[PDB]
S.K.: 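I have a structure I would like to understand better, so I am pasting it below and will then ask my questions one at a time.
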Amino acid sequence: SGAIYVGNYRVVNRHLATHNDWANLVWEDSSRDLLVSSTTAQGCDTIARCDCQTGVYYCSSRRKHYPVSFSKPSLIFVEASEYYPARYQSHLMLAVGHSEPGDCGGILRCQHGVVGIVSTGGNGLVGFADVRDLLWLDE
Ligand SMILES: NC(=O)[C@H]1CCCN(C(=O)Nc2ccccc2SC2CC2)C1
Ligand SMILES: [Zn+2]
C-alpha cells in the first residue's frame, strides 16, 4: 500500500483505489495502473521533473529503502492477475530489487522529488509506474 499526496491530489495504484478515491475521481488510466483523486487537505509530497534513471524506493515487505537503477518509462507486457487481464502496461520502469504482493504504492524518489510508485514485481525485479510526465499534478 501507499500513495503520493501533492497539492489537492492523491495518486494511488488504480488496482488499490478505494470507494472514496472513485467518488472523488480526477483521472484514471488502466494501462498505467494509476488513479488520481481529489483531497481537501494540502499534500506533503513534491514531484520530480527530470530524466533520472537512479533513485531510492521504499520496500514495505522489508521495512527498508533500497537504491536502484531503473529503465526509462516504456510499454511492458504484464501477465494476467486477479486485477487485470494479460496486457501491456505503459509508462512502466523496471529495476532489479525485491518486491512482493503488498509492496505496491511504495514511493521511488530521486534527488529532485517523487518519480513514481511500485506497481509490478517478481523474481528479483520491481516495476514502477512513472508520474513525472503528469505536469498538471503541480497546478
Ligand atoms: N500492475 C499490475 O498489473 C499488477 C497488479 C497487481 C499484481 N501484479 C503484480 O505484479 N504484483 C506484484 C507486485 C510486486 C511483486 C510481485 C507481484 S506478483 C508475484 C509475486 C511475483 C501486476
Ligand atoms: Zn531526478
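All values below come from the heavy atoms of this structure, side chains included, with hydrogens, waters and symmetry mates left out. We number each residue from 1, following the sequence as shown.
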S.K.: Are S119 and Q89 linked by a side-chain donor-acceptor pair shorter than 3.5 Å?
M.R.: yes
S.K.: Do the numbers put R87 on top of the ring of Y84, so that NZ or CZ is under 6.0 Å from the six-membered ring centre and no more than 45° off the axis?
M.R.: yes
S.K.: To the nearest 0.5 Å, how far apart are OG in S71 and CG in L92?
M.R.: 7.0 Å
S.K.: Among residues at least two apart in sequence or on other chains, which ones pass side-chain contact (heavy atoms from CB on, under 4.5 Å) with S60?
M.R.: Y58, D103
S.K.: Can you tell me how far apart NE2 (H98) and NZ (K64) are? Round to the nearest 0.5 Å.
M.R.: 11.0 Å
S.K.: Output the distance between atom CD1 (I76) and atom CG (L94), rounded to the nearest 0.5 Å.
M.R.: 3.5 Å
S.K.: Which heavy atom of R32 sits nearest to which heavy atom of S90, and what is that distance?
M.R.: CG-OG, 3.3 Å
S.K.: Can you name the residues that form a side-chain contact (heavy atoms from CB on, under 4.5 Å) with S38, not counting sequence neighbours?
M.R.: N24, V26
S.K.: With rounding to the nearest 0.5 angstrom, report the NE2 to CZ distance, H91 to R132.
M.R.: 11.5 Å
S.K.: Look at the rings of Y83 and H15 and say which category their plane angle falls in: under 30° parallel, 30 to 60° tilted, over 60° perpendicular.
M.R.: tilted
S.K.: Nearest 0.5 Å, what's the CH2-CZ distance between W27 and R14?
M.R.: 10.5 Å
S.K.: Report the distance from atom CG of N8 to atom OG1 of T40, rounding to the nearest 0.5 Å.
M.R.: 8.0 Å
